[PDB]
Amino acid sequence: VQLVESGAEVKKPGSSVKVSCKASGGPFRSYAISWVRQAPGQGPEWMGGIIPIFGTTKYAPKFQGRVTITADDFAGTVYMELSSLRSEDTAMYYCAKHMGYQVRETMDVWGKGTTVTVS
Amino acid sequence: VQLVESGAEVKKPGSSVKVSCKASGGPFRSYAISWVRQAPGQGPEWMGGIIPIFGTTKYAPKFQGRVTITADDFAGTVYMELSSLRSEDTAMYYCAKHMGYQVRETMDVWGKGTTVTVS
Amino acid sequence: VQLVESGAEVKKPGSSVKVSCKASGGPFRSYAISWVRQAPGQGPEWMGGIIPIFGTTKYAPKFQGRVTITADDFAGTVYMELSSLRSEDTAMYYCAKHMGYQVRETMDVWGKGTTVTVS
Amino acid sequence: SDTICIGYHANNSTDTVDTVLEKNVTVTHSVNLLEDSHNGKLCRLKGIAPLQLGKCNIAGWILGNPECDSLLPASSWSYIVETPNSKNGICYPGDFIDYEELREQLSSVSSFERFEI
Amino acid sequence: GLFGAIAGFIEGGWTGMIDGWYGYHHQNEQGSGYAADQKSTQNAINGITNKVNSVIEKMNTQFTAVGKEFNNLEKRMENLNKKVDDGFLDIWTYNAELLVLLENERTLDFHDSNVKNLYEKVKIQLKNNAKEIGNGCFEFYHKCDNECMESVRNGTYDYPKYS
Amino acid sequence: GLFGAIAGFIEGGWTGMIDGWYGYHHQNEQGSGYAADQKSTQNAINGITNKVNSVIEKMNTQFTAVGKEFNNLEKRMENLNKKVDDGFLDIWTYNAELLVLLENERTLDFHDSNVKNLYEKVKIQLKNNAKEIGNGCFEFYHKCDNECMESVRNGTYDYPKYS
Amino acid sequence: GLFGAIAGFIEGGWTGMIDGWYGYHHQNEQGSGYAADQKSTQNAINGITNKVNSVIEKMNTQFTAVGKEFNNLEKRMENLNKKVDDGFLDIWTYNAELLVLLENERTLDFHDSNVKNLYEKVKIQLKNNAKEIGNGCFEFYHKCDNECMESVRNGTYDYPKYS
Amino acid sequence: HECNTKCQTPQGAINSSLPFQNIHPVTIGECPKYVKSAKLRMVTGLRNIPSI
Amino acid sequence: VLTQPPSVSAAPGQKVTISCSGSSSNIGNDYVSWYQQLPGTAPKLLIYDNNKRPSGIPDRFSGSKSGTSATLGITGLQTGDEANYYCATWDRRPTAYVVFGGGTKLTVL
Ligand SMILES: *[C@@H]1O[C@H](CO)[C@@H](O[C@@H]2O[C@H](CO)[C@@H](O)[C@H](O)[C@H]2NC(C)=O)[C@H](O)[C@H]1NC(C)=O
Ligand SMILES: *[C@@H]1O[C@H](CO)[C@@H](O[C@@H]2O[C@H](CO)[C@@H](O)[C@H](O)[C@H]2NC(C)=O)[C@H](O)[C@H]1NC(C)=O
Ligand SMILES: *[C@@H]1O[C@H](CO)[C@@H](O[C@@H]2O[C@H](CO)[C@@H](O)[C@H](O)[C@H]2NC(C)=O)[C@H](O)[C@H]1NC(C)=O
Ligand SMILES: *[C@@H]1O[C@H](CO)[C@@H](O[C@@H]2O[C@H](CO)[C@@H](O)[C@H](O)[C@H]2NC(C)=O)[C@H](O)[C@H]1NC(C)=O
Ligand SMILES: *[C@@H]1O[C@H](CO)[C@@H](O)[C@H](O)[C@H]1NC(C)=O
Ligand SMILES: *[C@@H]1O[C@H](CO)[C@@H](O)[C@H](O)[C@H]1NC(C)=O
């Protein structure tokens, strides 16, 4: 399975952004999908994930009022929207496989990255 | 469902008559169908009924050798034939639904009526 | 069913021969098929047989290194090849049904015969 | 202690099939229903050899083109073969009226007799 | 499978059983050994060959079919001809693929059902003079020699004689 | 069948049971008799009539369709017309035959499943106050009069009262 | 259903079990709670997504297709064009509707089979140290704490230790 | 060349009794049916789980 | 090996019996089948499973087995019973294979 994110984006504070993720294979998947954030010089940060059939979404307590994760199923894509950009939402964003249908701690396949700059 | 009988008929004694009944919906039904007779100024009278798949027919002891009840299945129609008409076979004839596949005492849907005069 | 062998053949010693057997009905069968040899003036001789789906073949200990039995399935034909012909492989060859899928001792349907002469 | 068990068959086959709920299931026995092999040559159909035109087409074969001098003795065939380099048809420029209908007519002829009218 | 016997409570096959699809493995003082069940295998073979023959029969042989020719002023008829050819090819490809895909699953469920039926047939016979172990296996309480084994693998096991 | 009840551990039908598809036969001191089960038969009849009506509905009525005429210089269009007619006839013949062949088997498995469900429903009710004989038959340990029989054939059999 | 578990001897679903399709509800001195079974749900999800992907894949994308024009002296070809278009539309409508109708029933039987398999898996583990109540429910004879409960839902329940 | 056949395509002769082929839609003789598939295998045995 | 009486002679209307004798290797642990071959045709199955008859075989033919020997009995003899009769059993020890008899010429008067 190959995961491909969208292009790199640069915005200015106070706005929102929407990144996307496309997976190879059949349109419908049997694994959960997560989004991970990594600022330059620090460790990664789990943002939130989505479940294949039940449609449940989970977010971190820090990113509870800003992030929104959705899926398309028939297209095979996953979307993440982040609102009210500060100057600290400038990092690298990864799309991560999960193995099973639940959002556990084991992500075995990662994408390549996508930089979102705020200025 | 809706039950529709044929038109009104007038004959003279010594002949036979054939009345019809058409039900709405799919051609094949899962309920039994009965025929009821009511003379002017008297209570109703049960004549006989037919069962959907097993094809069994039941008649009253009074109308044993005269009535014949048949079905068409693919057309959705039920036919009743009364032979050797007298001057007393002048009443209103009703077609009655039954609920289940057996000819019980509970008829929950009736038609509208059809007069057969003998003179 | 009907079993039909191929034509009669005449060869000279040191060569090989290939006889065939065609059965009526559907191409795929649920019974085993055997080949029987009968020299003029003696009793029959079982040569070998084949099993419908598992594809196993059995041969007599005398005809171990010479006979080869194969099938076609989609054509409905069974082939027998006999190699290194002597002057004693001059007999009548029969194709025999078996009843079940195993090569037992009960052959209930026979063909008609095919003479192979060696000279 | 006098034991008895129930079971089923297994072998060393490595042939797989596809179902609706799963792909590549290895099974003990199977058959193949599709053919994808040919010999790569044009053969004879039930004894009769085909008629190969070569440099000519139907118009050149039938009109009597000077470059189709070898097709004169032909009087029987099983099918007609043309090539993408069949360019010797009408030498004098002009129009051949109702030519595809003539090809459709000849698509159901197996022999003819050529006589001097 | 839908019946839970193959790759279920019986988790593996036998490479030592060569003459059948379903069977028994026994063990007593005389010795051990495998043995196929002939009635079940015969019925399954009949059904499977019937299915294959029906699939073969529902598709008829294709006779001669060659293309046509059109000139520069007959594009509409040429396009209609192409449309007809492509449509029929697509329909028949869909039919063949769907038929194979749907028949494979039923064939795989058939064998699971047969194995489960054999297990239940033996279990109702032994009922009380044997302990169910779990892997499709039964352990006798009394001494079961070869006559007892051959009567169990026949359907005529005599319950009262062995209490 | 896939469930092993019809022509399985219950090996024959009843010609004395005339009012239903599945039912009971009882025997006590008062007498004997057959009796159909109405809920199972009603559900089966509903399902079967639904299936037949769906099969009828998926095929639409055929309207007027007559042939055409061509002259001696229009062979290609005549052949195309023949091709279209033959192809559509073949496709619809295949569809109809396959639909009937595939629906018959499912219909035959439906009744086997229903008989097995009825047997299990009775077996879990009796559990301990009855002995399983083998042919779909239960033999009571206590005395079961007509009230007990009618409660067994209703689903409200009272286990504790009869120990 | 054909297997008699969903809307059968287990007559209702759980709105308190949110993370899975099939699962357990336990009760002891520590407390109560629901818990999904991950292996069964994972296998079912794999199968269902495989089926949906196959259905999507068997239908190919439709490319450009526009109409043609004819004059007052070309009625036969116009009628042939209409015939071809209508026939192909009818065939594909029939195919799609039949495929959906037939796949829904198998999808509904799959879950019933899975629930029955889970019930039997637990029943063969407990065998003797638990009483079958009837609603898919087992009542232990000994004292079963959280370690015992977790061992039951893992498949490694130790029969001899609890007699 | 100089051979014999019962089914001929513009690419070669066919020598089978199978019900399907994917060589060429144009045929002469008695030929199987043309499909665009690449694999059509029908199962007759059970699931293969050896070593156990 | 199965050994039978080479010839049999009797009169019309009488009852005759042919005995197939073998050994504990073949006859003692399997079944025996009977075939009748008219002069010029292929053999025909008479008795299988040691006492059974196919469809289309009269009741005049019967058979049984006794320990390590079987016997075929024909009662109601006529002229249409002129043939050779063979006994067959599926031998199985070193390498299993079908084994046929020697032959029997039932002569009718
Ligand atoms: C079933 O097996 C085939 C052959 O082993 C697999 O085909 C391979 O598929 C992968 C991607 O799915 C390709 O990268 C390979 O090139 C394919 N190999 C060949 C030889 O074509 C197929 O993927 C398997 N199916 C599944 C669902 O795993
Ligand atoms: C194996 O089971 C079969 C089926 O019942 C038995 O066949 C019976 O055999 C006896 C003689 O032993 C006959 O009298 C019966 O007529 C047979 N029944 C049928 C239905 O044909 C067979 O005997 C059993 N084998 C053994 C060794 O007991
Ligand atoms: C047969 O079973 C039905 C189903 O339980 C019984 O119906 C109940 O009847 C009692 C009165 O006898 C009512 O109070 C209940 O409300 C009924 N239940 C339902 C769900 O309707 C019926 O009584 C039983 N028959 C007998 C003779 O006991
Ligand atoms: C739940 O069941 C699994 C499967 O049997 C157990 O996995 C085993 O765990 C032990 C250590 O506890 C290992 O030594 C084995 O190799 C494991 N087996 C397999 C097949 O992986 C697991 O331990 C069980 N959980 C508990 C709490 O007992
Ligand atoms: C299985 O074993 C047999 C034994 O000879 C061998 O002939 C056959 O090729 C093997 N099958 C495979 C797929 O290797
Ligand atoms: C091919 O066809 C020829 C004759 O048409 C035939 O003799 C041969 O057996 C066939 N098969 C092979 C593999 O050559």
Side-chain angles (χ1 to χ4, degrees), chain D residues 1-36 42 45-46 48 50-51 57-59 77-82 84 86 89 95-110, chain E residues 5-6 10 12-29 32 34 36-37 41 48 52 55-56 64 66 68-71 74 96 100-102 104-105 107-108 111 114-115 118-119 122-123 126 130 133 135-145 148-149 152-153:
Chain D
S1 178
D2 296 34
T3 321
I4 188 161
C5 333
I6 311 271
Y8 44 94
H9 174 70
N11 55 28
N12 67 357
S13 98
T14 43
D15 267 308
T16 70
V17 299
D18 287 7
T19 83
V20 206
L21 302 168
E22 198 175 335
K23 307 260 131 170
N24 289 337
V25 189
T26 307
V27 290
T28 53
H29 306 276
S30 53
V31 297
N32 185 45
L33 311 165
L34 184 83
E35 179 68 277
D36 55 4
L42 297 166
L45 208 74
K46 302 187 288 274
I48 331 171
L51 169 86
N57 45 5
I58 297 270
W77 55 87
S78 45
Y79 54 98
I80 300 167
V81 190
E82 272 187 350
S86 270
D95 192 32
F96 206 123
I97 285 92
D98 277 315
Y99 175 67
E100 290 93 15
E101 284 294 328
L102 186 54
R103 298 190 22 127
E104 184 80 0
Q105 289 279 302
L106 294 154
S107 286
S108 66
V109 168
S110 59
Chain E
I6 294 194
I10 308 177
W14 290 338
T15 62
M17 204 190 64
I18 49 137
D19 42 341
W21 270 334
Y22 333 110
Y24 314 89
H25 172 58
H26 85 264
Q27 159 161 7
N28 48 12
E29 286 127 330
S32 313
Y34 302 87
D37 190 63
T41 321
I48 293 290
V52 180
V55 163
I56 280 167
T64 306
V66 197
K68 313 186 161 104
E69 267 217 3
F70 311 90
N71 47 306
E74 288 178 344
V100 180
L101 223 60
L102 294 180
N104 278 349
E105 200 145 51
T107 296
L108 290 187
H111 295 290
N114 297 341
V115 174
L118 193 61
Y119 180 81
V122 178
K123 178 179 82 198
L126 299 182
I133 288 165
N135 198 25
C137 189
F138 301 93
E139 164 196 315
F140 285 92
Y141 282 138
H142 58 278
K143 254 190 39 54
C144 179
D145 63 307
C148 166
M149 296 279 166
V152 170
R153 319 201 290 271

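In what follows, chains are A, B, ... by sequence order, proteins preceding strands, each numbered from 1. Values below: every heavy atom of this structure, side chains too, minus hydrogens, waters and symmetry copies.
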Exercise. Roughly how far, to the nearest 0.5 Å, is the NE2 atom of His111(E) from the OG1 atom of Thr28(D)?
Worked result: 7.0 Å

Would you say the side chain of [Y] lies within less than 4.5 Å of the side chain of [X], judging by non-hydrogen atoms?
| X | Y | value |
| --- | --- | --- |
| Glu104(D) | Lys68(E) | yes |
| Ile6(D) | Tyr24(E) | yes |
| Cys5(D) | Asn135(E) | no |

Largest heavy-atom contact set with chain D, pairs under 4.5 Å, which of [options]:
| options | result |
| --- | --- |
| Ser32(E), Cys148(E), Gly12(E), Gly20(E) | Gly12(E) |
| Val115(E), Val122(E), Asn71(E) | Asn71(E) |
| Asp19(E), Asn28(E), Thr15(E) | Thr15(E) |
| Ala5(E), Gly23(E), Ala36(E), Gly16(E) | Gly23(E) |

Exercise. Would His9(D) and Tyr34(E) satisfy side chain to side chain contact (heavy atoms under 4.5 Å, CB included), going step by step from the backbone distance to the final call?
Worked result: CA-CA 11 Å; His9(D) 174 70; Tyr34(E) 302 87; over 6 Å; no

Exercise. By a 4.5 Å heavy-atom criterion (distance strictly below it), what part of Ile6(E) contacts chain D: side chain, backbone, both, or neither?
Worked result: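 Both parts, backbone and side chain.
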
Exercise. For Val66(E), is it the side chain, the backbone, both or neither that has a heavy atom under 4.5 Å from a heavy atom of chain D?
Worked result: neither

Problem set entry | More than 12 heavy atoms of other groups within 6.0 Å of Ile48(D) CD1 | yes

For this session: For the pair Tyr8(D) (side chain) and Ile10(E) (backbone), establish whether a donor and an acceptor sit closer than 3.5 Å, ignoring hydrogens and angles.
Result: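 A pair under 3.5 Å: yes.
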
For this session: Using modelled atom types only, decide if a donor and an acceptor are shared between the side chain of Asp2(D) and the backbone of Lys143(E) within a distance under 3.5 Å.
Result: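 Side chain of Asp2(D) to backbone of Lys143(E), a donor-acceptor pair under 3.5 Å: no, none is there.
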
Problem set entry | Toward chain E, the part of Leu33(D) with a non-hydrogen atom under 4.5 Å |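 Side chain only.
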
For this session: May I ask you to name which of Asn11(D), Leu21(D), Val25(D), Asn12(D) has the most heavy-atom pairs under 4.5 Å with chain E?
Result: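 Top count of heavy-atom pairs under 4.5 Å with chain E: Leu21(D).
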
Problem set entry | Shortest non-hydrogen contact between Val20(D) and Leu101(E), atoms and distance |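 Minimum heavy-atom contact is CG2-O, 3.9 Å.
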
